[PDB]
Protein chains: 10
Amino acid sequence: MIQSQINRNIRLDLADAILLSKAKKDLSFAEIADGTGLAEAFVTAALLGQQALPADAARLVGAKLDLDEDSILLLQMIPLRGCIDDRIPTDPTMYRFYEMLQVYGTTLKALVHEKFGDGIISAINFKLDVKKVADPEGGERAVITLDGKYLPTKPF
Amino acid sequence: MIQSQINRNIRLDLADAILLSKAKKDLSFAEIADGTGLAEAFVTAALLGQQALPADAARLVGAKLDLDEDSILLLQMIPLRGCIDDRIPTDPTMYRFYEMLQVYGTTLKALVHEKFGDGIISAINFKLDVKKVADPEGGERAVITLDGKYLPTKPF
Amino acid sequence: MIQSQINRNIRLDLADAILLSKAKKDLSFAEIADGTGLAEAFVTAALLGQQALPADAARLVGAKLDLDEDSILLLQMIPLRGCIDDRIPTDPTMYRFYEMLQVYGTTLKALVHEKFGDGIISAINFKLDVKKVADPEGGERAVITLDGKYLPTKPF
Amino acid sequence: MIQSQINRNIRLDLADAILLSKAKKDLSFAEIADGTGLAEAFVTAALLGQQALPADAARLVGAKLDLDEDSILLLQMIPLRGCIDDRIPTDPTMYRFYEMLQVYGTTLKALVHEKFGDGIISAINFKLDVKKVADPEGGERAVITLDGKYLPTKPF
Amino acid sequence: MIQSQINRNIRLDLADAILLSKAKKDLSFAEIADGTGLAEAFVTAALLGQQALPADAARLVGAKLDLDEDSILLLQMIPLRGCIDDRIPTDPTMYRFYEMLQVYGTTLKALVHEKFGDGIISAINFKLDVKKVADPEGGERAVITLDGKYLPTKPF
Amino acid sequence: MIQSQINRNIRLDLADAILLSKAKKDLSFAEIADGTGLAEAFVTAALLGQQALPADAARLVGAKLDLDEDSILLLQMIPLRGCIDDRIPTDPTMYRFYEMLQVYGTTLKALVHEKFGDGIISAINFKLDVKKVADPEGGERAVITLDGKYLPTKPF
Amino acid sequence: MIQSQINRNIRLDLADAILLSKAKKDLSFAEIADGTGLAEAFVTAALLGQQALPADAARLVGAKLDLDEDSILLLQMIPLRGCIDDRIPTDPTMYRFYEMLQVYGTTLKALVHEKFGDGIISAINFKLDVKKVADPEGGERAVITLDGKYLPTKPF
Amino acid sequence: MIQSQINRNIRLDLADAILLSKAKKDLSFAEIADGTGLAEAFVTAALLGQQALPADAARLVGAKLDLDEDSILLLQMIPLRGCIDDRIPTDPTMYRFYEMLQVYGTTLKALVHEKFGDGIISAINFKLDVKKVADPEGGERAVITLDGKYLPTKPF
Amino acid sequence: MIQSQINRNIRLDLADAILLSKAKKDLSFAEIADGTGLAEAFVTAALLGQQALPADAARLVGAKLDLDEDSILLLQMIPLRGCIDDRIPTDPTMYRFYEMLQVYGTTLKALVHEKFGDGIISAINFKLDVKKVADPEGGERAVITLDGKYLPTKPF
Amino acid sequence: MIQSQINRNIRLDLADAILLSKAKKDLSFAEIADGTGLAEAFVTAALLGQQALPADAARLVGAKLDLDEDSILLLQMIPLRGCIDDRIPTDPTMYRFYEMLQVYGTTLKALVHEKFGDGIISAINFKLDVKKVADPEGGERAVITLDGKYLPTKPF
Ligand SMILES: O=C([O-])C(=O)[O-]
Ligand SMILES: O=C([O-])C(=O)[O-]
Ligand SMILES: O=C([O-])C(=O)[O-]
Ligand SMILES: O=C([O-])C(=O)[O-]
Ligand SMILES: O=C([O-])C(=O)[O-]
């Protein structure tokens, strides 16, 4: 039977413990997700308290990180989601994604309504991935793809 | 000589007048940007107060929307950016992008540091675009690509 | 071409003009929605800035309220939604629905994941309605039905 | 003699312990409330710190969850209610109910005044229930019924 | 037909205009309410935007204050209630009532539950009045009587 | 020598411990205050961190609740007052007193200035009490009397 | 008959008009208060919306500032006090008085309880004054005297 | 070598321990400061986490309060100042000083600019003291003297 | 006689008008400050509402921008300072300076205490300037110099 | 493999323990950084939770401060950056840098756009330093140099 959380601090405390174990073992997120059959973004989000892992994946990452049975069980519980400490990120890496919404948020609304209609792009029927691409002028770029279903708003 | 704003309400009021003109003329953002040589996300953002148009594009979109000369000059001003009225969007279409940050923000931090290193993905050396793709399960998806330069944080 | 708003004050100012006209004509929301083919909750939400009317409904309600052509066009624009002035309602009638979330919000979460699974009850593939029922102990009750599709959160 | 709490964190910490015990037993909220005589929404809310259980119900749920005597006693205390961590939910599942208020809160006020009059729909002489139904179009829907007494506001 | 407001500013602006007229005429709240059949606290609250006057009262007070027909109609609309500008009062006179809740709010909760049970004292089936009483030690005291119905919270 | 606190959490943590002991002993606030010579509202507020008890009263309640010496001493310290967790109560029973201020705050100001003059009704030279009485229409009402000295604001 | 305000913006707009008149006349606050029989801090506070003037003072400062009859009347109304735009000052000169509270506020509490007892130093039976003195080290100092009555908190 | 703090909770937790020792020993702030050669207001602020003590004074107060060596070292660290829990005081004694700024803050600005010029009254080149004075109408008054250097704002 | 403001919107409205004039004339801040004998940072800050210009400088910039007499007068008034709309900038350009504080504020605290002692680096006895220079690795850098007097905190 | 944190409290608690150890050993930040090859601002920022130390530097400063192996590992993790407790500093020393932004933020934006163009001065490709300089008029000044790359915002 599915089990859910109502206080994010239980899973965020678990995330800190996971990160300490990961650093002592000198592991990467890519290696932790290898063998799970699931995307690194989804498995990493689960470790950090923002998704639930199916039981086989929870057991696999739990073995890798030497987690105890209550922690393996917690990873399978549906989380109380919300990773930002107090609404607006302070960390510069996270903040730039918030700034993209301060600059482009009304343009995303306007272009979603023009291309699709009234309604939303879902954050639930939704995938994201991060890719590293060479910049032709020198250095490296991240191409982050947000891929969400359009759900319409219609009269009733 | 470059000119800049410090009170966002000037450009946001102009945006509201632009949208009324646009609706009276039954125009699209794609047709407003057509002919400018600039991407619809950039031109749209400028109309909405969050970018500046070069003078030729300002005159081109000003002719389409029948803007007066003060308005065409305002579109060339560097804006005081920030499109969200009070930090967290209330509109559902805009909110889902904020929710993507609440769910995935720490994942994007973690994977950016793993793939690239300490530092950020820029929101300045940066472009985004919105594409509509058929969903194979039925319906339509938006694929929103966020494409930013990696800037490293190094000791000194 | 679909048209959209980015600043809620345009439509909320329109809503105040609509309400004054409505009061001077001594009209009900039920009579305004009559003839539109649309439910009272949907047409009232549009008048109040939170939904868009299709053109024929916009014209019908515009003639009933003696609205000008710019106002009739604005009712057809997709709104920048969000009716609460500053996040938490002060009005008692509105505040009770916010208190229902403070008391039952975690229970709604828990029972939605138990009955359906990880994911959400949508606020987009969604409708509500308000009915009056007699109370057997004396007086009247409101039965307010929230009806949303379940959308699952699945691994990828 | 009735007993009441003034700091929500006592009952919220108990809720987190309750959830871990429940998960270890693979228990449902429907099964926990079975045999209490009381509706699953009410019993679940008490577990989660937002209602008080009568003594018999507290002892019965305490047996199912292996709670100690201080925990059984705490479930009978009248709670300091308020389940949302910081006024606006971060969790997507809970957030959709807040969004319903941002889109329909003024329409609920207006139609409550039209159908009933000045005053409120109570959140205290009040019950709610969550029912899973089949979506005739495919999939599943939740029908959440908010059933509150109308209390008039009258001159005096 | 009942009519209701959604933006408090319209009635709060009218209250400022009423207070200017009141002061020019050197009128008391007591004499404005006298002859209406309605208690001073109710009529004063309506002038200040927090209650609706019946039509005959709105005409009476309207003639006393030389208000126009749009203002007399606005006094009859059900308000969007909430008199505090931004949640906590800045005015010392209003602030002391907020401090009474900061000092005694948990005691009022605890004593309400002990004397009555779980549930609330209503702010809707409710009246208050302000009386001046001599202090035996010299000076004057206010006795403000809050008189609300108890509404129980019971299991279902 | 009088002793005072600067961090409310010390006395709020003591209040939680007091309430657990009270519940285990199945005591009322009325009986705890019996024999102190002090009003139930004042003694209860002290238990809950918002007043100080005189030494003899602190020893009397301390014997009834089986408190240790540091707890008895802490009850005699002048508190850092303020019982509301975060400015606006979440709990419905407490919230209704806050709503009374949102509806009648400006009326209380206006009537206090008319009946007394410029200045305040004190929250320091002040007492309150709670009585339970029948409602003439059925059920029960609370009559809560706020009794504060008028302190004038005069020119200087 | 005493008259009072409920929205601070009426008197704060009058303050701005007063300050423009004062500047055109090259007047000082000390000259404006001259001849009124009232202290410059009290009169200046009334001009800035935070006190009420007696009628003879209001006419006198009105003569000096060329104010109209409605403005002289508004200065006699009891204000809705609160001069800080949004709770914490941004202006450096104002901000330093807030900082004094951040550094010494708990010391002020401690020493007031030690010297006087439980209770407050009043902000109502209260005067302040600002004096310029030489700094013996070079330069000038302000000596700002806060002079308030102690009102005890006693058991009841 | 000077040492400083960056998180206020270390010294605020020290303050709470100091206050419990002080109350167990039934000591006053006047007596703790005796023999230190420093003003009671300065030493008290140090104990409460808002100033640093020189080493001889830290050893002297440490012996009176039976503090351990780490605590005596912590009292010598330059603090992370800010005594107010969350920006606006809840405690009545502290809040009256904040209300003085809500009433007189713009008058302090105005008269400081008039008497001295553009710039500030420092909160660093600054002292304060609290004196008890009999009120001639009966009772006692506190005279709190704020004494800061004027620092001008000049063009450059 | 020096004249001061208490509502920032008067001078921020003037700033918008100055910026519109500046842009129509295609002027730079460097050219506006030329001849004034004052630094561009100081003159610019005055135009934007955050400093007062001496009368001769005001006259001369007023000439260039064609300002009316109430505007040349307003420029000489002491402002109510605070340029950020709502505490945290949304504009990227401004936000990076806030981020520098989020990353290095505690380091600045620590290194100021070690290099100078307890106290502050003044923001009043203070000058700032911005220089553009080449980056030795390609591109351009800003070298922004914050130059403030050290003011000590010492015992009294 | 790079490792990163998501809860700042782990590294902020480490900072408090570092500072205690530093004070017990009577060390300076200058001597902790001496010998690492890294600038004092960078090393100090790492100790305080806002930068990551390379492994050799983490071992070097770990020996100097007698840190354990877990602490030395934590210093190598990329931090969740943000040193300000709750957005606006309370500490006077930190607050003055926030005030510099309130006074000059719009002037920094305006002069950055004038000298460079649209875009930002980076807080990533960025260094700062603090120097002590004698003031010619007496005392000492800090010269704090902020040195950031310009990144342009260009059309696309
Ligand atoms: O994000 C969503 O998909 C919603 O409400 O339907
Ligand atoms: O919700 C309520 O029932 C109230 O105030 O009466
Ligand atoms: O509440 C009070 O009594 C005051 O400030 O004087
Ligand atoms: O308070 C102060 O002294 C400052 O910034 O100079
Ligand atoms: O977003 C950015 O590019 C920054 O600070 O460098």
Side-chain angles (χ1 to χ4, degrees), chain D residues 1-8 33 36-43 45-46 50-58 76-81 87 105-129 147-156, chain E residues 1-8 33 36-43 45-46 50-58 76-81 87 105-129 147-156:
Chain D
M1 172 63 230
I2 190 161
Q3 304 301 323
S4 60
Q5 289 280 122
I6 62 163
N7 162 18
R8 72 183 176 166
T36 55
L38 304 178
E40 67 177 4
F42 185 85
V43 177
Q50 308 303 321
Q51 293 295 176
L53 293 175
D56 288 345
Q76 297 167 248
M77 304 204 48
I78 298 192
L80 192 297
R81 295 177 165 92
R87 291 169 178 191
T106 48
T107 294
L108 291 167
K109 175 179 176 63
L111 295 184
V112 166
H113 296 323
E114 182 161 304
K115 284 186 192 285
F116 297 89
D118 194 359
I120 61 161
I121 302 312
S122 183
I124 292 298
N125 185 339
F126 175 81
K127 56 182 286 195
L128 80 183
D129 87 271
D147 174 357
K149 179 96 186 280
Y150 168 56
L151 315 168
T153 284
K154 289 158 137 52
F156 54 91
Chain E
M1 179 57 246
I2 192 165
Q3 309 292 332
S4 61
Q5 290 283 114
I6 64 162
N7 164 13
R8 67 177 177 170
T36 63
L38 309 177
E40 65 181 355
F42 181 82
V43 176
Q50 305 304 321
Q51 294 298 176
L53 292 177
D56 282 354
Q76 300 163 242
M77 312 208 38
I78 307 221
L80 192 303
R81 292 175 172 92
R87 303 166 173 190
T106 45
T107 294
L108 286 170
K109 176 180 173 63
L111 295 183
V112 165
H113 296 319
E114 178 155 308
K115 300 181 188 285
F116 296 88
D118 196 358
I120 62 162
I121 302 307
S122 188
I124 294 290
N125 181 336
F126 175 77
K127 62 186 283 177
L128 70 182
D129 74 93
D147 178 355
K149 179 91 182 285
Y150 170 58
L151 296 206
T153 288
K154 295 179 208 286
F156 56 89

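Naming: A, B, ... by sequence-line order, numbering from 1 per chain. Scope of the values below: all heavy atoms of this structure, side chains included, with no hydrogens, waters or symmetry mates.
At a 4.5 Å heavy-atom cutoff, the contact between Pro54(E) and chain D is made by side-chain atoms alone. Contacts of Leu80(D) with chain E are made by both backbone and side-chain atoms, with heavy-atom separations under 4.5 Å. With a threshold of 4.5 angstrom between heavy atoms, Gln5(E) approaches chain D through N, CA, C or O but not through any side-chain atom.
In this structure, CD on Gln51(D) lies 7.0 Å from CZ on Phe156(E), to the nearest 0.5 angstrom.
Legend: residues meeting salt bridge (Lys or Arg N to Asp or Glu O under 4.0 Å) with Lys115(D), ordered by chain and number and at least two apart, are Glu40(C).
Of the listed residues (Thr153(D), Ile78(D), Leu151(D)), the one with the most heavy-atom contacts under 4.5 Å to chain E is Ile78(D). Contact count against chain D (heavy-atom pairs under 4.5 Å) is highest for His113(E) among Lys109(E), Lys127(E), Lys149(E), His113(E).
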Worked verdict on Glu114(E) versus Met1(D) for side chain to side chain contact (heavy atoms under 4.5 Å, CB included): CA-CA 8 Å; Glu114(E) 178 155 308; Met1(D) 172 63 230; 3.2 Å; yes
Using a 3.5 Å cut-off and no angle test, enumerate the donor-acceptor pairs between side-chain atoms of residues 116-126 of chain E and protein atoms at least two apart in sequence or in another chain.
{"residue": "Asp118(E)", "atom": "OD1", "partner": "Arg81(D)", "partner atom": "NH1", "Å": "2.9"}
{"residue": "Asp118(E)", "atom": "OD1", "partner": "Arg81(D)", "partner atom": "NH2", "Å": "3.4"}
{"residue": "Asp118(E)", "atom": "OD2", "partner": "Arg81(D)", "partner atom": "NH2", "Å": "2.9"}
{"residue": "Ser122(E)", "atom": "OG", "partner": "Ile124(E)", "partner atom": "N", "Å": "2.9"}
{"residue": "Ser122(E)", "atom": "OG", "partner": "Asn125(E)", "partner atom": "N", "Å": "2.9"}
{"residue": "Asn125(E)", "atom": "OD1", "partner": "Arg141(F)", "partner atom": "NH1", "Å": "2.9"}
{"residue": "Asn125(E)", "atom": "OD1", "partner": "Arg141(F)", "partner atom": "NH2", "Å": "3.3"}

